[PDB]
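Enquirer: Residue numbers (the entry's author numbering), protein chains in the order written: chain A, 1 to 306, 374 to 437; chain D, 1 to 306, 374 to 437; chain C, 1 to 162, 178 to 320, 421 to 484; chain E, 1 to 164, 172 to 314, 414 to 476; chain B, 1 to 164, 174 to 312, 403 to 469. For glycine and all other residues, C-beta sits at the position ideal for the given N, C-alpha and C. The structure is given below, and queries will be raised subsequently.
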Amino acid sequence: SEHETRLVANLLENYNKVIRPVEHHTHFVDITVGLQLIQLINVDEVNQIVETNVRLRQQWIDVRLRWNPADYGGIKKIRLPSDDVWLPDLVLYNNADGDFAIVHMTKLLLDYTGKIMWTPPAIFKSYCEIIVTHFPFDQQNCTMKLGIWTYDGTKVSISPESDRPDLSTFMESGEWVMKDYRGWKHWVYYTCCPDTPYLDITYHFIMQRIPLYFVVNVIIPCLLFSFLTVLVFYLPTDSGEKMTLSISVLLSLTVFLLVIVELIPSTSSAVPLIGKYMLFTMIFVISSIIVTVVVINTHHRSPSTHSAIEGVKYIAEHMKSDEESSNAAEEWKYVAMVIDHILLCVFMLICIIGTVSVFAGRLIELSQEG
Amino acid sequence: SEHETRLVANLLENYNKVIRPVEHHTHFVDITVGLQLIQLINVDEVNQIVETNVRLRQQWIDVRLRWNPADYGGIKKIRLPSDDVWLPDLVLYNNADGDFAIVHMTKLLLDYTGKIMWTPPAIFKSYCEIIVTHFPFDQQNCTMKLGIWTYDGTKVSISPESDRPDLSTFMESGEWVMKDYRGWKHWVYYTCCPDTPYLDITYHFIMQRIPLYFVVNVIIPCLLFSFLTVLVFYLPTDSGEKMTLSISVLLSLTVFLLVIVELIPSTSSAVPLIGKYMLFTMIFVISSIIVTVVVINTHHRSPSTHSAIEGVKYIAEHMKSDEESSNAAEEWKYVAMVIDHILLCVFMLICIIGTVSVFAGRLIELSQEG
Amino acid sequence: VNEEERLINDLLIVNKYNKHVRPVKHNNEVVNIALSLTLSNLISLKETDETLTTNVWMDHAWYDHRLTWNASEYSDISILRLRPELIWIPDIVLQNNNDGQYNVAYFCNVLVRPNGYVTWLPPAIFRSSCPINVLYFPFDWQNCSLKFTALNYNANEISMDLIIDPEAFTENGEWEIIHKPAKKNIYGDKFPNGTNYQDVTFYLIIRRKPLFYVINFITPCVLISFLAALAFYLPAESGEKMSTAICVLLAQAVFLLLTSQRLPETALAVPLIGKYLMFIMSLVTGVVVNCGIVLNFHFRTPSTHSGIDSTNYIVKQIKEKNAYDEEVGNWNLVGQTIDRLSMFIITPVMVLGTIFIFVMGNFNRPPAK
Amino acid sequence: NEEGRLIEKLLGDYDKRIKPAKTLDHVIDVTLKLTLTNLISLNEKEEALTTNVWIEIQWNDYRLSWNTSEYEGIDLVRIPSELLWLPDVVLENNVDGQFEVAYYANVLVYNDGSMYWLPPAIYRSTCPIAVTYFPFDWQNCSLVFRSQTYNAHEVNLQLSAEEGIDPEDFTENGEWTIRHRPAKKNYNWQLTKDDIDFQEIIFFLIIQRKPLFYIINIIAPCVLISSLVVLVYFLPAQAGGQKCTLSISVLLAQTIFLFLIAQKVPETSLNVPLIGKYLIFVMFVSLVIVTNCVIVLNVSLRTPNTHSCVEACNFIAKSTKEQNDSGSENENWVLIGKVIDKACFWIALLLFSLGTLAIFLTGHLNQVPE
Amino acid sequence: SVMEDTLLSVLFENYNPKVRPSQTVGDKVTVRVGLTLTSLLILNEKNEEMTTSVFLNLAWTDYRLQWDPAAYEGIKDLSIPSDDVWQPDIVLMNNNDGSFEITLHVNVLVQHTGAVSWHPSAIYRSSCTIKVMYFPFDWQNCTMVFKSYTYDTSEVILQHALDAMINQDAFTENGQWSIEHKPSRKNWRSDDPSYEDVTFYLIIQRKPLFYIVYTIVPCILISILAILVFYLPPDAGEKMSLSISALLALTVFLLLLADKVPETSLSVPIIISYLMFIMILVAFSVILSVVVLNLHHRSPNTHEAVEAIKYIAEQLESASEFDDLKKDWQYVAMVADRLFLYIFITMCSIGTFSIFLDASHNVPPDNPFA
């Protein structure tokens with residue numbers, strides 16, 4: 001009725017969708033961004049890729065959408081679908097690995113005045129720093145910049161909307177844990193050109209990694225091996241009868257250490273941990289190495305151990388006596404006096420190396436835990 | 001000017017692309033096709049997949065494209081957008097594993113006459129036999145037929161154009177090498193239907209495969225494992241005192257090659273070959289087992305080598388004489404003589420079945436090499 | 001020109017013909033539609049999860065009464081082409097195997113007969129969840145059932161009436192195609208108060224299993240078994256190889272364990288039955304047990320596991436005395452038990468070893484029955 | 001200012017698929033350039049890569065210089081993709097995957113008819129890295145890209161610095184490094200014999216890699232391994248008799264470890280590129296380790312066995427003593443360890459040599475290409 | 001005829017495609033949603049991912065499509081492609097982990113006075129909380145919330161069928186699991202203005218009993234060699250060394266088991282239960298075998404004149420046999436017996452415990468099938 005058909009048709013005719021609500025040569029189209037990650041689905045620190053939930057709150061005004069009693073008078077605020085709207089080519093700077101998912105053909109709301117919001121339920125593919133400094137106990141801050149993609153601060157400008165945590169909807173299924181995250185605004189003008197360039201939202205993800213299951217399995221076969229090597233020390237000094245017997249273990253155990261290496265480097269390759277983490281294992285594991293080789297070479301270190376009728380009796384007794392000598396010689400080879408030395412020599416070494424391994428372990432755990 | 005609007009307008013009205021330049025009830029549409037292959041980026045012998053590029057040189061004629069001083073006169077040869085063309089649904093009969101890529105949205109060659117060509121830099125994934133007989137030394141010729149998809153002879157016809165090799169631009173980084181490549185045409189009518197069916201170009205790729213990597217490591221552990229087997233045989237002569245030691249190395253050996261066959265199945269099923277090959281390794285190596293079977297079984301083959376004062380002097384030397392003839396008994400078994408026949412018995416037999424392995428192996432390559 | 005411009009203007013396919021309207025001569029019984037199924041290839045089989053990727057030639061037929069042409073259409077050429085959007089196309093749904101939309105068997109070029117009859121038949125790369133069940137492994141290897149038909153229309157808007180499966184069975188499959196019957200039908204159901212959509216029911220009864228796993232897998236068993244078999248022959252020829260004999264247990268043991276490990280791996284990739292999987296692991300355990308037996312049986316026994424006259428009598432004393440020790444050991448040796456051991460190892464290997472291929476047969480006979 | 005009429009005027013005559021070519025004999029002036037921003041996947045064994053390229057596209061078409069109502073209004077315009085001549089880009093030698101987000105994006109029409117456009121593109125390509133690129137001397141990655149549509153007699157591409172870089176935004180998480188990026192603008196005439204040149208864009212990228220992490224995983228194990236065998240070598244002189252087999256247990260253990268390595272890193276090179284030089288030192292320094300290793304058992308294999415009534419009976423017993431002595435004497439002339447002791451120093455210096463030969467040469471293959 | 005062209009016309013003349021079958025802001029269109037499940041194909045019980053298939057039966061009324069003589073009274077039922085009605089762009093609050101397949105753009109069943117029937121089967125990528133709690137016998141339940149992803153319940157009301174319909178209504182027979190019940194409850198969280206999603210409960214039970222069987226054999230069979238290594242001491246004390254061989258062997262075996270367990274839960278993990286205590290059972294056989302190894306270690310050794408010669412002989416022998424008799428006193432077998440029965444307590448106690456826990460785990464936490 002009330003100019004019913006005349007209302008609706010007029011609107012269609014003189015209105016070009018593609019036109020950008022440019023208002024004189026100035027303020028650019030003022031458009032603000034506001035991301036609220038509802039939640040995260042999955043991440044790969046190794047490949048620094050994340051699939052996340054984002055509701056993008058996009059705001060801007062088109063004074064061409066203002067109305068009178070025949071549009072606003074009809075029903076204050078209403079639902080108009082996107083299409084007709086000029087969609088900022090939003091883009092995560094050093095990220096952007098994937099298209100915005102569910103950004104397309106959604107709707108928006110127009111007020112009696114004009115103000116419009118476009119907030120389609122997104123979830124997409126991301127790309128943020130993790131560097132080999134993300135899995136640390138001391139984390140790294142995922143630097144993520146967002147802003148207008150192909151338009152300049154003269155044609156348009158993307159601005160921020162508010163502060164909010166990243167652990168606000170951080171995934172509890174993540175193999176990592178959050179410290180804090182902040183985001184502040186910025187305008188990037190380049191010494192290149194004397195012009196005034198796009199605006200941007202810079203995310204900073206500060207989170208520290210490593211789920212604790214890993215922790216237990218690995219350090220315990222170490223104190224495990226510690227005891228066998230501990231036995232590697234005590235077994236010899238309290239019984240050199242099974243030196244070779246331990247030859248076996250030395251084989252079974254470094255190979256155990258070798259195969260643990262396949263498993264944890266793929267972990268290494270599975271998750272990017274700051275290499276300086278690797279040196280822990282480096283000297284630790286390798287002392288199992290230098291100590292053995294010496295301990296067991298030393299274990300090994302030892303030469304071979306690892374009237375007339377009366378005279379008859381004395382030529383015979385003399386035979387038993389110098390072989391008597393001989394027996395004592397090889398025993399004069401494998402002494403039990405210094406195998407005790409190596410026992411405390413290295414156990415203090417191990418309690419040193421060990422407590423030294425615990426050192427930096429404990430130390431930056433004095434930093435991380437904080 | 002020169003009938004400017006009158007010439008391009010008339011052309012669009014009475015011109016159609018859905019249609020094919022059919023000329024009376026005869027030879028079909030004269031389609032000229034050919035392979036111009038210049039790169040083979042990826043292929044898998046195992047899955048017999050091939051993603052290569054071949055510009056689809058098509059050549060046929062449409063009189064309707066003939067012109068006078070107002071199109072020919074304009075500029076002899078003019079290239080029209082492909083859209084105006086009836087594009088055949090060409091496809092790799094036993095291949096076609098992938099869409100041709102880069103053919104859409106392209107340029108078409110038109111002549112004053114009507115001649116037309118359009119060589120598209122088509123890249124696509126293919127699927128042709130390689131079977132387990134793909135990579136031998138004696139090759140297999142992958143049968144690759146190509147021709148119209150859903151159109152029968154009564155409407156479109158294609159034919160070869162020229163012979164060109166497959167090695168004309170074959171991959172020098174290929175894990176294979178070519179010998180020859182032939183392509184002849186034909187038309188296939190089927191006993192099913194009394195009708196005259198599609199035409200097609202059949203390529204045959206004749207090329208021998210197999211780098212030598214897998215080769216070097218199959219035979220190294222073999223000679224090396226034959227060294228320990230050789231040790232297997234020689235030790236009882238030079239150190240039978242380590243027969244058990246021998247046992248250890250058979251648990252060693254055995255596990256190693258049982259593990260060698262693990263690699264085989266992975267690699268083999270990971271990279272295709274005619275089974276007849278592994279047959280070589282099969283018995284040859286079951287031979288080291290069959291032989292260690294007998295040889296160490298034989299090695300362990302042997303029962304256990306695997374006045375009155377004058378009186379006791381006699382009860383005593385008696386004690387000694389009894390045992391002495393007895394120790395003679397265990398040596399009575401380890402005669403140190405048959406040990407030399409067993410290494411020589413088998414040294415020759417392994418030098419012979421090795422030379423046997425060597426035989427068909429080299430015979431087969433005196434066949435391949437060809 | 002024979003009324004051609006005018007006539008195809010008469011048909012105007014899209015404009016004059018109702019493509020959104022199916023010419024079923026209005027509300028009646030149905031448009032006589034017929035489907036033809038021909039597998040062009042089977043590329044992948046997954047026995048474990050009852051899923052198959054296979055290609056089919058979707059041969060389709062139905063008469064388009066508004067398609068009938070006249071001289072400058074019909075007789076001008078008693079056969080011509082017309083795209084999918086200009087040809088009524090049945091909405092053939094792979095009834096129990098289309099849980100993976102059809103590809104390039106979709107909106108493709110169709111064949112236009114002269115008197116309305118039309119023909120559309122392109123290629124279908126599809127995925128299916130055929131009746132594998134854990135019964136698609138016994139030797140019959142079940143019967144894979146599939147139904148094809150025009151999904152949307154019912155018994156008063158569509159009627160589809162009705178080729179071997181091995182006609183294009185893939186030769187690189189790990190199975191064998193024994194038969195493939197084809198019979199159409201139509202059917203209503205309980206909640207529906209009317210009959211509808213007719214369909215192409217095609218059962219594929221197949222079979223599979225390698226003659227290769229048998230090769231390298233039983234191979235080690237008679238080889239390994241002879242080790243455990245020799246194990247008991249070897250306790251005689253030289254049981255003194257105690258430690259070294261022990262080594263072999265570790266070694267024949269580690270061999271045994273991961274051999275079984277490779278077994279489930281290929282297993283998960285294949286739903287293996289409980290009947291067969293036990294004979295494998297049951298018998299390797301037979302040796303595993305006897306390896307443990309090997310243990311004890313091999314280390315089981317407690318031990319085998421006048422002044423001058425005065426002085427030498429001392430020695431004859433020390434003589435005899437430890438001769439008692441020496442012998443306390445052969446008491447344990449237990450050697451007249453030797454043959455019986457390896458004889459009662461032979462007997463059982465024969466019993467069980469036979470029991471298996473005995474059972475092999477007692478189930479090998481009835482299928483061949 | 002005729003703002004409406006002007007827009008409506010040209011759109012009247014506005015021509016889509018026609019190039020802004022003054023006439024037909026001197027082509028148009030097209031500007032292009034690429035700034036790398038993401039090198040997503042380096043699969044050198046197959047010679048392929050994925051990069052987010054800034055496709056700087058520029059050209060001229062005054063077909064739309066405007067008046068006061070559009071040129072003067074703002075010397076800057078952002079008009080839709082589908083609305084002006086667009087270079088369908090691709091890398092002759094590289095682009096193996098149609099560009100992603102490299103097209104259909106807002107272009108830029110200044111006021112004089114200057115056109116600027118720059119979409120980001122993730123796409124696949126195939127640069128060199130053909131049995132080389134793993135050295136220390138690097139194979140320059142040469143990628144030439146151009147429109148794959150028309151040829152330089154109508155189209156002409158421009159470029160800039162051919163001296164200045173790929174490391175501009177070369178990824179920091181790459182297992183490699185770049186040292187120079189040269190680029191030339193050129194005509195079309197290749198090995199394949201194509202004429203009518205369509206100019207293209209050459210992309211040199213000589214880059215370094217090899218930042219070994221596996222190096223010392225390889226370096227410490229081998230030393231531990233060498234020492235282990237040198238244990239096998241010197242440990243015998245130290246070790247007891249129950250050590251011959253001791254040594255054996257090590258061989259078993261030594262190579263269990265060995266081919267396990269042979270299985271580990273071989274995998275490495277297949278998933279990534281490959282090269283034989285570094286490969287040669289390892290397996291052959293490795294085969295020599297194995298060689299002198301089994302040699303050792305053949306060395307601890309070599310040697311023959313080390314692998414009145416009163417007096418008549420006092421006579422004979424004094425014989426068992428001298429008799430058995432002759433026997434223990436056997437042991438003597440047999441196990442006088444000249445070969446063994448010397449075998450230690452044998453492998454020792456041989457060790458030093460194998461090592462020096464290798465690390466000295468590794469010094470060279472890092473020092474010539476340094 | 002009866003105004004057929006007329007009706008027909010007017011309808012398409014006035015009918016609106018993109019409009020909602022309701023009048024203004026009110027009770028809205030009461031759409032019926034109800035899916036008859038087909039079957040399910042993959043349960044990723046580890047990440048809580050669900051790919052199933054069902055029918056999307058939707059139905060409401062279009063009093064805008066009520067026909068007249070020919071299409072209403074002529075043929076009360078007629079098929080017509082959707083694309084013309086508001087379609088629940090339904091997403092799943094937890095699930096809907098991906099797009100629709102056979103869900104939208106398909107024909108529908110339209111009744112005479114406006115009823116609309118649309119029955120499409122579809123595959124849908126969902127994600128329900130089957131969490132790492134999909135293995136306890138007490139299992140858990142999940143929330144499956146379906147609803148549109150641009151619409152807010154304001155212009156339509158959603159309504160269900162049964163809530164008991175069950176999910177085993179079309180439970181996959183291929184499922185290594187089983188189901189007890191499917192609850193269906195309609196929801197409108199007030200955290201959003203938009204009335205929305207419906208929660209569907211999975212009281213799932215997944216009991217695939219297959220390898221834990223031969224897992225038991227290790228525990229017990231390993232025990233065989235275990236009880237054996239604990240039994241072997243007073244069985245064959247000389248077990249001394251061979252014993253250590255057993256644990257190398259025993260430990261490598263269990264560590265490989267350690268290898269398959271993490272990679273197997275890698276796709277179907279839940280509570281540790283089984284692993285929790287077998288982990289203890291592990292540690293148990295692990296340490297028990299190692300302290301018995303220390304049981305093994307604890308032993309510092311084990312681990403006239405005429406007549407004078409005689410007398411010197413009398414003392415020689417006797418004197419040292421006590422010495423070696425001392426070794427007897429030192430390595431007696433008290434411990435072995437006592438701890439082989441402490442072995443009795445330990446292993447049969449810790450044994451009947453997890454035996455029990457396991458016992459308690461399958462029967463006790465079984466009835467919460469609700």
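(1) By Cβ distance below 7 Å, which residues in the same chain neighbour residue 138 of chain E in space, the five residues on each side in sequence not counted?
(2) Applying a beta-carbon distance threshold of less than 8 Å, which residues of chain A neighbour residue 263 of chain E?
(3) Quick check: what's the CA-CA separation for residue 12 of chain D versus residue 65 of chain D?
(4) Helix, strand or coil for residue 387 of chain D per DSSP?
(5) I want to verify the contact list: residues of chain C whose CB lies under 8 Å from the CB of residue 299 of chain B, in sequence order.
(6) Check whether chain E comes within 8 Å of residue 72 of chain D, counting only Cβ atoms and requiring the distance to be less than that.
(7) Going straight from the alpha carbon of residue 284 of chain B to that of residue 214 of chain A, what length do you get?
(8) Please classify residue 89 of chain D as buried or exposed, where buried requires at least 16 neighbouring CB atoms within 10 angstroms.
(9) Based on DSSP bridge pairs, tell me the residues matched to residue 122 of chain E.
(10) For residue 186 of chain B, does the three-state DSSP call read helix, strand or coil?
(11) Suppose you measure from the CA of residue 227 of chain D to the CA of residue 312 of chain E; what does that come to, to the nearest Å?
(12) So residue 101 of chain D contacts chain E; which residues on that side make the cut at Cβ distance below 8 Å?
(13) Taking Cβ-Cβ distances below 8 Å as the criterion, which residues of the stretch 291–303 of chain D are in contact with chain C?
(14) Roughly how many angstroms lie between the CA atoms of residue 123 of chain D and residue 38 of chain B, to the nearest whole one?
(15) Whole angstroms is fine: what's the gap from residue 479 of chain C's alpha carbon to residue 243 of chain C's?
(16) Please report the distance separating the alpha-carbon of residue 204 of chain C from that of residue 150 of chain C.
(17) Please name the residues in the stretch 221–239 of chain E whose beta-carbon is closer than 9 Å to at least one beta-carbon of chain D, in chain order.
(18) Using the three-state DSSP reduction, which class does residue 68 of chain D fall into: helix, strand or coil?
(19) Below 8 Å between beta carbons: does that hold for residue 283 of chain A and residue 199 of chain A?
(20) Would you check if the distance between the CB atom of residue 247 of chain A and the CB atom of residue 139 of chain A is smaller than 8 Å?
Expert: Reading off the structure:
(1) In the fourth sequence, counting from the first residue as 1, residue 138 of chain E sits at position 138. So the list reads 213, 214 and 215, once near-sequence residues are dropped.
(2) Within the fourth sequence, residue 263 of chain E is the residue found at index 256, counting from 1. The answer, in chain order, is 251 and 255.
(3) Working through the second sequence from its first residue, we reach residue 12 of chain D at position 12. Working through the second sequence from its first residue, we reach residue 65 of chain D at position 65. Near 12 Å, if we compare the C-alpha coordinates of residue 65 of chain D and residue 12 of chain D.
(4) The residue labelled residue 387 of chain D in the question sits at position 320 within the second sequence. Here residue 387 of chain D sits in helix by DSSP.
(5) Start at 1 with the first residue of the fifth sequence, and residue 299 of chain B comes out as number 290. Simply none; closest approach about 17 Å.
(6) Along the second sequence, one-based indexing puts residue 72 of chain D at 72. Judged by the 8 Å Cβ criterion, residue 72 of chain D is not in contact with chain E.
(7) Walking along the fifth sequence from the start, residue 284 of chain B turns up at place 275. Walking along the first sequence from the start, residue 214 of chain A turns up at place 214. Approximately 15 Å, taken between the alpha carbons.
(8) Position 89 of the second sequence holds residue 89 of chain D. So residue 89 of chain D counts as exposed.
(9) As a position in the fourth sequence, residue 122 of chain E is number 122, starting the count at 1. Looking at the DSSP assignment, residue 122 of chain E forms a beta bridge with E:52 and E:100.
(10) What you label residue 186 of chain B is simply residue 177 of the fifth sequence in a count that begins at 1. It is coil, neither helix nor strand.
(11) The count along the second sequence starts at 1 and reaches residue 227 of chain D at position 227. The count along the fourth sequence starts at 1 and reaches residue 312 of chain E at position 305. Distance between the alpha carbons of residue 227 of chain D and residue 312 of chain E is about 21 Å.
(12) As a working mapping, residue 101 of chain D is identified with position 101 in the second sequence. Under the 8 Å cutoff, chain E gives 98.
(13) 293, 297, 300, 301, 302 and 303
(14) Here residue 123 of chain D is taken as the residue at index 123 of the second sequence, counted from 1. Here residue 38 of chain B is taken as the residue at index 38 of the fifth sequence, counted from 1. Near 39 Å, if we compare the C-alpha coordinates of residue 38 of chain B and residue 123 of chain D.
(15) Here the question's residue 479 of chain C lines up with position 364 in the third sequence. Here the question's residue 243 of chain C lines up with position 228 in the third sequence. Roughly 28 Å between the two C-alpha positions.
(16) Indexing the third sequence from 1 puts residue 204 of chain C at position 189. Indexing the third sequence from 1 puts residue 150 of chain C at position 150. Cα to Cα, the separation comes out at about 17 Å.
(17) none
(18) Mapped onto the second sequence, residue 68 of chain D falls at position 68. Residue 68 of chain D falls in the coil class under three-state DSSP.
(19) The count along the first sequence starts at 1 and reaches residue 283 of chain A at position 283. The count along the first sequence starts at 1 and reaches residue 199 of chain A at position 199. Going by C-beta atoms, residue 283 of chain A is not nearer than 8 Å to residue 199 of chain A.
(20) Here residue 247 of chain A corresponds to residue number 247 of the first sequence, with the count starting at 1. Here residue 139 of chain A corresponds to residue number 139 of the first sequence, with the count starting at 1. The answer is no: Cβ separation not under 8 Å.
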